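Build me a structure from this.
(6 chains, ligands or ions: 4)
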Amino acid sequence: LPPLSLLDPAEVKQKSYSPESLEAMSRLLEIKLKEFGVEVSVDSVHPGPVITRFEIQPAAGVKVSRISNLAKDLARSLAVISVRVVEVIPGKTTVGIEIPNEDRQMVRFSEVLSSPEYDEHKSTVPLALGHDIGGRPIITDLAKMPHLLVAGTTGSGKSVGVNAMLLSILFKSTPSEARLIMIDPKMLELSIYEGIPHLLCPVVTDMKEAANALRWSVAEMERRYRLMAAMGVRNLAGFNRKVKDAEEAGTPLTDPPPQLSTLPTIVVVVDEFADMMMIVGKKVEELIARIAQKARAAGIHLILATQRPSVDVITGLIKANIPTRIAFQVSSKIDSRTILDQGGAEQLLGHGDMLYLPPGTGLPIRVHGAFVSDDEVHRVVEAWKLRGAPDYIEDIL
Amino acid sequence: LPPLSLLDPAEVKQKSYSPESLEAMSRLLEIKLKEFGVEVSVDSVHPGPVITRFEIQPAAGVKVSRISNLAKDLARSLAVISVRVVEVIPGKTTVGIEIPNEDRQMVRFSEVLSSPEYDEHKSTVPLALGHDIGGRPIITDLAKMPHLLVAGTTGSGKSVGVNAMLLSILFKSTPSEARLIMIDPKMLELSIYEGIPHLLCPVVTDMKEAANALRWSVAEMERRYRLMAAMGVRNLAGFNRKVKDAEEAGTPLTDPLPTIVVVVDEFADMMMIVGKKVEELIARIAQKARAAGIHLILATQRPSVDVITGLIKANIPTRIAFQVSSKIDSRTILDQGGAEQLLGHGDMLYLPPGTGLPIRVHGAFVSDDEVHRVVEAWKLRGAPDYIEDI
Amino acid sequence: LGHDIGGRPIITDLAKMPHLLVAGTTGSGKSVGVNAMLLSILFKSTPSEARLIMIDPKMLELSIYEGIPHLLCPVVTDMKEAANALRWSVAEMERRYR
Amino acid sequence: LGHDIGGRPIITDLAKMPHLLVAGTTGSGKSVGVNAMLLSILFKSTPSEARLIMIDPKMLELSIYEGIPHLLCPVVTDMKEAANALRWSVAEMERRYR
DNA sequence: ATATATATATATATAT
DNA sequence: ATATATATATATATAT
Ligand SMILES: Nc1ncnc2c1ncn2[C@@H]1O[C@H](COP(=O)(O)OP(=O)(O)O)[C@@H](O)[C@H]1O
Ligand SMILES: Nc1ncnc2c1ncn2[C@@H]1O[C@H](COP(=O)(O)OP(=O)(O)O)[C@@H](O)[C@H]1O
Ligand SMILES: Nc1ncnc2c1ncn2[C@@H]1O[C@H](COP(=O)(O)OP(=O)(O)O)[C@@H](O)[C@H]1O
Ligand SMILES: Nc1ncnc2c1ncn2[C@@H]1O[C@H](COP(=O)(O)OP(=O)(O)O)[C@@H](O)[C@H]1O
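Numbers count the residues shown, from 1 in each chain, chains lettered A, B, ... in the order given. Ligands and ions are numbered 1, 2, ... in the order given. Below you will find the coordinate block:
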C-alpha cells in the first residue's frame, strides 16, 4: 500500500476574506434587504471554499418566498454574480443566503485525504469527494451507498470525479479486498489504470466484449448468492468476517471439496454507459437492473457516468434500483429533476461543485470535488505497478 | 403451544423530549402562528411515536389554505424538519397539524404483540404492524384483506415487514391451522424459514420448480374450490367454518382443512425470466382465490409495467408500500400520493378494503435474531410436512 | 333505488334508461345497489318476461343466484369466456331485429 | 465575431467552446454570420491545420466555397450524401480515438 | 400578491 | 425494435 506522499501538499491561500470583508458585506445585506419589503438580521457567517453562507434570521411574518422572489435583484444589489437561497437548515431556524466568492479556491485532493475521517474509516470502499460548504470533508461508504450515478455536461469534470473515486478506492484496500472492473466506450482516459493488481479484466475496448464481462458479473453474483445461501449469512462483509474469524486456527474451511479464500469486493465502474445502452438496445439495459436489483448484499457495487441523463437512457427500470445519485453541472432543470429529483442542478458553477443525495432522502448536498491531476494518477499507478503484479481472472470475456 | 415472550421486551419509550414541556412547544406554536396573519387556539397534544399531531383550532373567518400555504415557514420557524396539515378531523371542529419529533422511538415488536385485541383476535391469521399516527395497535386481518401487495424500497424494511407479517402468522396458530409456501428468486432474505413445521412445501429456491409450485397452487385451489361448492357454501371462510362444524360434529365425512398463505416475493424475476405463464397463472390465482383461503401476499422492487401488469394489480384489494420513485410508482400500488412523503425506514401506507384513504402505520422492526429464535422454537416442535407434486 | 333528499321514493323504469353506468371507489356501496336493483327486478316479474345473464369478474357475491328459473346461463368468470356471452347477446339482438 | 457594444472585437475560440448553435428569424444575419465564421477560419489555418465539411440543405449560400483546398467533401447539396458524411465523421472520430 | 385557465414540453402506452 | 398519440406534469400571462 503506497502512502499519501505522492499528492500535492495542502497549500496556503490567504484569499479567505477579512472579518470586515464579511461584516461590511453583512451590513450591506441588511441594508439592501431593508430597502425591499423584508427585514432581517445577520446571525452568523460561514466562509467557504467557493460559495459562502449567511445565517440570517427574519424577524416576524417574513416568509421565505419573499426572499426567493428577491434573489436575483438582491444578487445585483450586492454586485455579486447570483444567489441561491437555502430553504432550510436541518435543526436550525434560520434561512441561508449562499453567495459565491469571486476568487474561488481550488480544493486539492490531499486536503481531502488529510482528515482522520478517511484513514480511520472502517470500510474498504471510501468515496472521498471533497470539502463541503463549510469546508469539512464528506466521505461516504460505497458499501452502504449502494450505487452511484454521475451526470454532467462535457467538460463539467466527470473524468475528474471518477478518478477521485477510484483513487479513493486505491489508497485503502489490498488486492484481496476490493477488485474492480472498468468499462470505457470513450476509449481514452480510463486506460491509465491498466497494470494495477486490482483490476479483473483488462480495461475494455468496446461494449462488444464488455457486455459479456457484465454477464460474468451476473454469474459472479449468482456464485455469491449460492455460497451465501449455503454457508448461511447474508452480508458479504458478514461472511468475510465469518471465514477468517472462524479460521483463526489454520484451516482452509472447505465449502460447497475445494478451499475458501477471502471474499473480495467487486466494483463495476463504467465510463459512459449511454453509448452502451444506445448501441446495444435493451439487453444491457436489462442487465443493469438485473445487477442493481440483487446487489447490496452481493458485494458488487455499480458506478455509472453518462453525458445525457435523460429518460431515453435512464428509465424507471433503473431509476428505483440506484438510490444515490451525483449530478455535475448540467444544462436544464429538465435533466436536473431527471437525475436529481429535488432539482436545482442547473445552477452549478462548473468544475465540480456537484449535487449529492445521501442514503437518507429528499435533501441534496452540495460538496465540491477535488481537482486531481493526471500526473498524481500516474505516480499512483507507478506505485502500484511496483508494489504488485498483473493479477487477472481471465476468460471473463 | 407457541410462546410470546420469546423475543425482547419493552425496554424504554424515550419520553419524547418531555412529558410536560411540550406545552411550551404548543405556546411557541401559538406565538408563531400569531406572527403570521392567523390567530389560533391550541388544544391538547397527542405525543405520538415519531410524528405528533396537534389539536389546533383556528378562529373564525380564516380559511385552511392560509395554513396550507404557510406550513413550510411554520416548519422552519418551529425548529422542526418538515410538517404538514391534515385538513379534517371527523367529529370536532379542529384542524390537524402533525410534527415529526426526531427521536424516533424504535417500535418494540413484542409491545405490538402485547396488544389486548391481538390476544383477543378472532381469526387465526392476523397481521400486526405497529403503532398509528396516534399510536394505536393496528392488528389487521388477512383473512379479511385477503390479498396483499408490497412495493420495493431498499432501505425501508421490505424484508422487515415480510418477517413481521410472518412472525405475526406464527405466534397465533397451531400446525394443523396454518400452512405457508414461499417463492423467492432472492434466496437470501427468507430461507431461514426452512425447517418450519407450518410449511406445506420445501422452500422454493429455483424458478422452474416455482412454476411447478403455482401449478399445485391452482390445482389445490380448484380442488377445494369445487369441493366447497359440493359442500354448499360460498366463501372459504364459510367452508372452513362448516368443515370445522363437521369435524367437531365428530362425523368422519372424508367425502373424497387449514388455511394456506403464499408468501412469494421478488416476483419480478418470474415475470421477466421464465415468461408469460407466470402472470397467466397469477391472474387466476389472484382474483378467484379471494374466497379460497389462498391469500397470496407479494413483494417486488420496482412495480411499474412488466413487473406488475394490471391483471394482477387490480385483483388484490389491500396494498402496502414504501418510499419509491416520484413517478407512476407513487400511485401504481399506493393509490394516492406517497412518492417521498413516506419517510421510509419505519413507516408505511396501509389501505383497508373500505375507506380508500391511506392509513399511515409506524411499523415494528424484527431482528433476524428474533427470527432465528422463532425458527428454533418451531424447530423444537418441528415435525415437517413436505409435498412432492411440485 | 331509494328515497331522495325529501324522503320521497325514487323509482325508475329500466325500459327508458335505456342503459346504466355505476361508479364508486369502493366507497358507499357498489355491490349493494346492483343487488338492490336486481332484487327489485325479481319482486315484480316472471321468468317468462325477464331473464338475466350476469358476468362475474371476481366470483365473490353474485354467484348466489344460481338455481333461479330466470337465469339463462350459470356464472361467467373469464373475460375470454364472457366474450362468448357478449357475442351471444349480439347474435340474439340480431335475430331479435330479424 | 465582430465588435461588442464597448468597441472591441470578441474573438472566441472554437477549440474550447466546443460546438455551436446559431438561430434566428429570416434576414437577421444568419448566413452572413456563417460566412464570418468561415472567413475567420480561413485566414489562419492551412489545409494541413484544418479542413472543412460543408452541408447545404439549401443551395444558396455555402456554394461559393466549392473548390477551395479546405474541403474533405464537395458541398453537400443532396440529402443522402449528408448522412454519408455523418457516418464518415463518426467513423473518423472513432478511428482517431483508437 | 395570488389562484386560474392556457400553452408548452416529457414520460409512457401502444400499434406495426 | 420503432414510430406515434395521449396523459401528465410544468412554466406562464391573466382576472381577481
Ligand atoms: N474540482 C475541479 N476544479 C477545477 N477544475 C475542474 C475540477 N473538476 C474538473 N475540472 C475541469 O473539468 C475538465 C474535465 O471535464 P471532463 O470530465 O473531461 O468532461 P467530459 O469527460 O464529459 O469531457 C478538466 O479539464 C478539469 O480542468
Ligand atoms: N423499524 C425499523 N427500525 C430500524 N431499521 C429498520 C426498521 N424497519 C426497517 N429497517 C431497515 O430496513 C432495512 C431492510 O431493507 P430491505 O427490506 O432488506 O430492502 P431490500 O429487500 O430492497 O434490500 C434494514 O437494513 C433495516 O435497518
Ligand atoms: N346505507 C348503508 N348503510 C350502511 N352500510 C352500507 C349502506 N350501503 C352500503 N353499505 C355497506 O358498504 C359496503 C360498501 O361495499 P362496496 O364499496 O360496494 O364493496 P365493493 O366495492 O368491493 O363492491 C357494502 O358492502 C355495504 O355493506
Ligand atoms: N451586419 C449586417 N449589416 C447589414 N445587413 C445585414 C447584416 N447581416 C445580415 N444582413 C442582412 O441579412 C441578410 C442575411 O440573412 P439570412 O442569413 O439570409 O437569413 P435567412 O437565411 O434566415 O433568410 C443579408 O442578406 C443582409 O441583407
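
How about the stretch 151-300 of chain A: which residue is closest to chain D?
Nearest to chain D in the stretch 151-300 of chain A, going by C-beta to the nearest C-beta, is residue A:187, at a distance of 5.5 Å. No exception for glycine: its C-beta is placed from N, CA and C like everyone else's.

got the contact list for the closest residue to that residue other than its chain neighbours?
Ranked by C-beta to C-beta, 6 or more residues apart in numbering or on different chains and with sequence neighbours excluded, the top spatial neighbour of residue A:187 is residue D:97, at 5.5 Å. By C-beta atoms under 8 Å, 6 or more residues apart in numbering or on different chains, residue D:97 lies in contact with A:186-188.

With secondary structure added, can I get those residues in TSV?
Below are the contacts of residue D:97 laid out as TSV (DSSP: H, G, I helix; E, B strand; the rest coil):
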residue	secondary structure
A:186	coil
A:187	coil
A:188	coil
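
Redo the residues you listed as TSV? Include distance to ligand 2.
Below are those laid out as TSV (distance: C-beta to the nearest ligand atom, whole Å):
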residue	distance to ligand 2
A:186	32
A:187	35
A:188	37
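
hey, which helix is longest across chain A?
Looking across chain A with DSSP state H, the single longest helix is helix A:207-231.

Could you pull out the helices in the stretch 1-150 of chain A for me?
A:19-35, A:65-68, A:71-77, A:109-113, A:116-119 (DSSP state H, counting those that start in this stretch).

swap in the stretch 251-397 of chain A?
A:273-280, A:283-292, A:316-319, A:333-339, A:374-386.

Next, format those helices as TSV and append distance to ligand 2.
Listed next are the helices of the stretch 251-397 of chain A as TSV, based on distance: least, C-beta to the nearest ligand atom, whole Å:
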stretch	distance to ligand 2
helix A:273-280	23
helix A:283-292	11
helix A:316-319	15
helix A:333-339	21
helix A:374-386	34
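
looking at these, which is closest to ligand 3?
helix A:316-319 (29.9 Å; C-beta to the nearest ligand atom).

what about the closest one, near DNA strand E?
Yes. Residues of helix A:316-319 contacting DNA strand E under C-beta under 7 Å from any atom of the strand: residue A:316.

Just checking that helix against DNA strand F, any contact.
No. Helix A:316-319 does not reach DNA strand F (C-beta under 7 Å from any atom of the strand); its nearest approach is 13.2 Å.

Can I get that helix in CSV? Just the C-alpha atoms.
What follows is helix A:316-319, C-alpha atoms only, in CSV (Å, rounded to 0.1, in the frame of the first residue of the first chain):
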residue,chain,number,x,y,z
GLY,A,316,-37.6,3.8,-14.5
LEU,A,317,-36.3,0.3,-14.9
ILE,A,318,-33.0,1.6,-13.4
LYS,A,319,-34.2,4.7,-11.6
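
on that earlier part again, nearest approach to ligand 4 belongs to which of the helices of the stretch 251-397 of chain A?
Closest approach to ligand 4 among the helices of the stretch 251-397 of chain A (C-beta to the nearest ligand atom): helix A:333-339, 27.9 Å.

chain center to the closest one: distance?
Relative to the chain's own centre, helix A:333-339 is displaced by 18 Å; criterion: C-alpha atoms, centre = their mean, to the nearest Å.

just the strands in the stretch 101-250 of chain A please.
A:126-131, A:137-141, A:147-151, A:178-183 (DSSP state E, counting those that start in this stretch).

As a markdown table, those with distance to ligand 1 would be great.
As requested, the strands of the stretch 101-250 of chain A are exported to a markdown table (distance: least, C-beta to the nearest ligand atom, whole Å):
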| stretch | distance to ligand 1 |
| --- | --- |
| strand A:126-131 | 7 |
| strand A:137-141 | 14 |
| strand A:147-151 | 10 |
| strand A:178-183 | 15 |
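
so which of those comes closest to ligand 3?
Across the strands of the stretch 101-250 of chain A, ligand 3 has its closest neighbour in strand A:147-151 (40.9 Å, C-beta to the nearest ligand atom).

strands paired with the closest one, and their directions?
Sheet pairing for strand A:147-151, assigned by DSSP bridges, gives strand A:300-305 (parallel), strand A:325-327 (parallel).

Format those as JSON lines; extra columns: distance to DNA strand F.
Listed next are those as JSON lines, based on distance: least, C-beta to the nearest atom of the strand, whole Å:
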{"stretch": "strand A:300-305", "distance to DNA strand F": "21"}
{"stretch": "strand A:325-327", "distance to DNA strand F": "16"}
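
Flag every residue of the stretch 251-397 of chain A that's near ligand 2.
By the rule C-beta under 6 Å from any ligand atom, the part of the stretch 251-397 of chain A lying against ligand 2 is residue A:296.

Kindly recompute the last result at 8 Å.
Selection of the stretch 251-397 of chain A residues close to ligand 2 by C-beta under 8 Å from any ligand atom yields A:296-297.

hang on, the earlier thing: how far away from the center of its chain is the longest helix of chain A?
Mean-position distance between helix A:207-231 and its chain equals 25 Å (C-alpha atoms, centre = their mean).

check whether it contacts ligand 2.
No. Figure legend: helix A:207-231 not in contact with ligand 2 (C-beta under 8 Å from any ligand atom); closest approach 13.3 Å.

Report the inter-axis angle for that helix versus helix A:273-280.
110 degrees (axes from the mean of the first three to the mean of the last three C-alpha atoms, to 10 degrees).

Is helix A:207-231 in proximity to DNA strand F?
No. Contact of helix A:207-231 with DNA strand F (C-beta under 7 Å from any atom of the strand) is absent, the minimum separation being 13.2 Å.

what angle do that helix and helix A:283-292 make?
Going by the same axes, to 10 degrees, helix A:207-231 makes 30 degrees with helix A:283-292.

how about the residue of the stretch 1-150 of chain A at minimum distance from DNA strand F, phi and psi?
Closest to DNA strand F within the stretch 1-150 of chain A is residue A:69: 12.0 Å, counting by C-beta to the nearest atom of the strand. The phi and psi values for residue A:69, taken as degrees, to the nearest 10, are phi -100, psi -10.

same thing with residue A:372?
Per-residue torsions, residue A:372: phi -100, psi 120 (degrees, to the nearest 10).

same question, residue A:134
As for residue A:134, its main-chain torsions (degrees, to the nearest 10) stand at phi -70, psi -20.
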